[PDB]
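Asks: I'd like to ask some things about the structure below.
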Amino acid sequence: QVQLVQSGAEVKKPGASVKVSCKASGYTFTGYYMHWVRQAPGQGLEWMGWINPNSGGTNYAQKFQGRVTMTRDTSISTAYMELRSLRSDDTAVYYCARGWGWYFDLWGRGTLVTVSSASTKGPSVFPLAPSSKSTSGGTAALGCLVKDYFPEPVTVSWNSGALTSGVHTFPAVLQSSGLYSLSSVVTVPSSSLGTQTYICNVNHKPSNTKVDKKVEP
Amino acid sequence: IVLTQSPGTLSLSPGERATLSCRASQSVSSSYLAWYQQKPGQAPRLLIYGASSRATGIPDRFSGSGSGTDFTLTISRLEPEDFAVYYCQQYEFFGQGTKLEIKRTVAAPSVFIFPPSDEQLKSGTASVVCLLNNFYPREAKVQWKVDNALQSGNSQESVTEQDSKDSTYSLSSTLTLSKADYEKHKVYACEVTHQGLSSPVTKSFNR
């Protein structure tokens, strides 16, 4: 199988450096250039550079010259991208892509690199209680508020994944505090508020935080 | 340095024909234009190379065509899997991306408001949440009013991806205040506007 496997997500302070790895398999690693493309959350794709795995020769985008270094280790078919002097706007998913010429036909799954002065922190989970203010027709709305965590991502399930219909989990927002926040909501029949319990399950792996929060009227 | 794609957003129903445009840069040759698809949480996926040749495995409803600087990606019959973001590429230059969304009938939002929890108030902060549920199109406006005074700069909003079942959007707007500020005021309200609403909808509560 033809595959590119990248190293895990990183969390860095501004001014630090990160080295991402990209191991190829299923093809001759030295017969194709390897490119690095990054994508900031909610934004477009940005080409960084390429490396010729057979020569080590490189070519970097102008805005990365002197900060980035791409290398390879053919004995283990791995490509490396080191970005130094990290700044917050370097927060992005970094992809390695095989260069079938200038066509990127094989991609890695990406590596999230977060650059912020914030320290890893688990979320506070607060209920968004239902009431008359959250009732329309026979349909009520309830949710959980996952506030002040760093870095991305968090996952939210309801009743351990037994409740899926009507669920809306919003993309995280980066608050001016440097911490993230999101809410998860679900609409249910207003008659089941007295018979069916509702628990949101929040998991924030980066800080190994697991919180179950019962949401009551 | 960034290629131009049009439109920014294309709204169509499944089974319709989609045409996306990309204007290559004149400084560099255009014979090597490529198109990519990207779905949420996934790496981009090569669709078209050489301006008009399909990548392996790509269904034949995708086709490419191009002159010297104007290139087009055509999807003949949109399947529900085809709605995503599409990028063009020319050497080291990527396009700004075009989002292909499902077009449905206009649906006005259902507005709900949530006060802060007593738990959060114990810590010294108060978050008020205004929920706009299952609406279309994506454009909406939320205005916060505390004791009938317009707020600004203390709210952030988030929007879901298009719902896979009913193709609607949902929007969250969170007003953040300190406990002290929150307890100085009485009425908290969010006013919602949307092309499906004949008049603004207001939801409020009394601390």
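The listed protein sequences derive, respectively, from chains H and L. In terms of the entry's author numbering, the first sequence is residues 1 to 52, 52A, 53 to 82, 82A to 82C, 83 to 213. In terms of the entry's author numbering, the second sequence is residues 2 to 27, 27A, 28 to 91, 96 to 103, 106 to 213. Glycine residues also receive a C-beta, built at the ideal position from the N, C-alpha and C atoms.
1) Just to make sure I have the definition right: I need the residues of chain H whose C-beta is within less than 7 Å of the C-beta of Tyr91(L). Which are they?
2) Going along chain A, which residues have a C-beta under 8 Å from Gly65(H)?
3) Is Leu189(H) close to chain L? Criterion is C-beta to C-beta, closer than 8 Å.
4) Could you check what DSSP says for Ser153(H) in three-state terms: helix, strand or coil?
5) Roughly how many angstroms lie between the CA atoms of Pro213(H) and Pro121(L), to the nearest whole one?
6) Is the number of C-beta pairs between the segment 132–140 of chain H and the segment 56–67 of chain H that are closer than 8 Å three or more?
7) Counting only runs that start and end within the segment 149–198 of chain L, where is the alpha helix (DSSP H) found for 4 or more residues in a row?
8) Look at the alpha carbon of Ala9(H) and the alpha carbon of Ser205(L), and state the distance between them as a whole number of angstroms.
9) Over what stretch of residues does the beta strand (DSSP E) that includes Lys117(H) continue unbroken?
10) Roughly how many whole angstroms lie between the Cα atoms of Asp124(L) and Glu81(L)?
11) Does residue 222(H) come within less than 8 Å of chain L when only Cβ atoms are used?
12) According to DSSP, is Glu46(H) part of a helix, a strand, or is it coil?
13) Considering only the beta carbon of each residue, do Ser179(L) and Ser161(L) sit closer than 8 Å?
14) Grab the span of the alpha helix (DSSP H) containing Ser116(L) for me, first residue to last.
15) Measure the beta-carbon distance from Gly95(H) to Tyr32(H) and round it to whole angstroms, keeping in mind my assumption that it falls under 8 Å.
16) Secondary structure at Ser161(H), three-state DSSP: helix, strand or coil?
17) So if I threshold CB-CB distances at 8 Å, which residues from the segment 168–183 of chain H count as touching chain L?
18) Name the two residues that bound the continuous alpha helix (DSSP H) containing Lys128(L).
19) According to DSSP, is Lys210(H) part of a helix, a strand, or is it coil?
20) Can you pull out the residues from the segment 120–134 of chain L whose beta carbon lies closer than 7 Å to at least one beta carbon of chain H?
21) Quick check on this structure: which residue in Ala51(L), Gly57(L), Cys196(L) has the alpha carbon closest to the alpha carbon of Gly64(L)?
22) Taking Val134(L) as the reference, which of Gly139(H), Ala158(H), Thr110(H), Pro119(H) has the closest Cα?
23) In chain L, what lies closer than 8 Å to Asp85(H) by C-beta?
24) Looking at the structure shown, is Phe29(H) part of a helix, part of a strand, or coil, going by DSSP?
25) Hey, could you find the ends of the beta strand (DSSP E) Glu81(H) is sitting in?
26) Starting from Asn199(H) and walking both ways along the beta strand (DSSP E), at which residues does that stretch end?
27) Along the segment 29–41 of chain L, what residues have a CB closer than 7 Å to any CB found in chain H?
28) Is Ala43(L) close to chain H, meaning its C-beta is less than 8 Å from at least one C-beta of that chain?
29) Can you grab the Cα-Cα spacing for the pair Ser12(L) / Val85(L), in whole Å?
Replies: Let's see:
1) As a working note, residue 91(L) is residue 91 in the second sequence. Under the 7 Å cutoff, chain H gives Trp98.
2) No chain A appears in the structure shown, which is made up of the protein chains H and L.
3) Start at 1 with the first residue of the first sequence, and residue 189(H) comes out as number 193. No, no contact with chain L.
4) The sequence position of residue 153(H) within the first sequence is 157, counting from 1. The answer is strand: DSSP assigns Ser153(H) an E or B state.
5) Sequence index remark: in the first sequence, residue 213(H) carries index 217 (1-based). Sequence index remark: in the second sequence, residue 121(L) carries index 115 (1-based). Answer to the nearest angstrom: the Cα atoms are 12 Å apart.
6) no
7) 185–189
8) Here residue 9(H) is taken as the residue at index 9 of the first sequence, counted from 1. Here residue 205(L) is taken as the residue at index 199 of the second sequence, counted from 1. Straight-line Cα distance between these residues: approximately 47 Å.
9) Here residue 117(H) corresponds to residue number 121 of the first sequence, with the count starting at 1. Looking at the DSSP string, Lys117(H) is not in any beta strand (DSSP E), and its letter there is neither H nor E.
10) By one-based count along the second sequence, residue 124(L) stands at place 118. By one-based count along the second sequence, residue 81(L) stands at place 81. Taking the straight line joining both Cα atoms gives about 43 Å.
11) With chain H covering 1 to 213 only, the question about residue 222(H) has no answer from this structure.
12) If you number the first sequence from 1, residue 46(H) lands on position 46. The answer is strand: DSSP assigns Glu46(H) an E or B state.
13) Translated into positions along the second sequence, residue 179(L) becomes position 173. Translated into positions along the second sequence, residue 161(L) becomes position 155. In this structure, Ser179(L) lies near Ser161(L), with their beta-carbon atoms less than 8 Å apart.
14) To locate residue 116(L), count along the second sequence from 1; it is residue 110. Looking at the DSSP string, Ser116(L) is not in any alpha helix (DSSP H); the run it does join, the beta strand (DSSP E), is 116–120.
15) Here residue 95(H) corresponds to residue number 99 of the first sequence, with the count starting at 1. Here residue 32(H) corresponds to residue number 32 of the first sequence, with the count starting at 1. Confirmed, about 6 Å.
16) As a working note, residue 161(H) is residue 165 in the first sequence. DSSP places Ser161(H) in coil when its eight states are reduced to three.
17) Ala168, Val169, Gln171, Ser177, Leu178, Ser179, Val181, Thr183
18) Numbered from its first residue, the second sequence carries residue 128(L) at position 122. Its alpha helix (DSSP H) spans residues 124–129.
19) For the purposes of this step, residue 210(H) is taken as the residue at position 214 of the first sequence. Judged by DSSP in its simplified three-state form, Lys210(H) adopts strand.
20) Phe120, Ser123, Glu125, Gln126, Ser133
21) The residue labelled residue 64(L) in the question sits at position 64 within the second sequence. Of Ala51(L), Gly57(L), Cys196(L), the residue nearest in Cα terms is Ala51(L).
22) Counted from its first residue, the second sequence places residue 134(L) at position 128. Of the listed residues, the one whose Cα sits closest to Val134(L) is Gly139(H).
23) Numbered from its first residue, the first sequence carries residue 85(H) at position 89. Simply none; closest approach about 16 Å.
24) One-based indexing of the first sequence puts residue 29(H) at position 29. Here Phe29(H) sits in helix by DSSP.
25) On the first sequence, residue 81(H) is found 82 positions in, with the first residue counted as 1. Unbroken beta strand (DSSP E) run through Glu81(H): 77–82.
26) As a working mapping, residue 199(H) is identified with position 203 in the first sequence. Its beta strand (DSSP E) spans residues 195–200.
27) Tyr32, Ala34
28) Taking the first residue of the second sequence as position 1, residue 43(L) is located at position 43. Judged by the 8 Å Cβ criterion, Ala43(L) is in contact with chain H.
29) Within the second sequence, residue 12(L) is the residue found at index 11, counting from 1. Within the second sequence, residue 85(L) is the residue found at index 85, counting from 1. Each residue's alpha carbon lies about 12 Å from the other.
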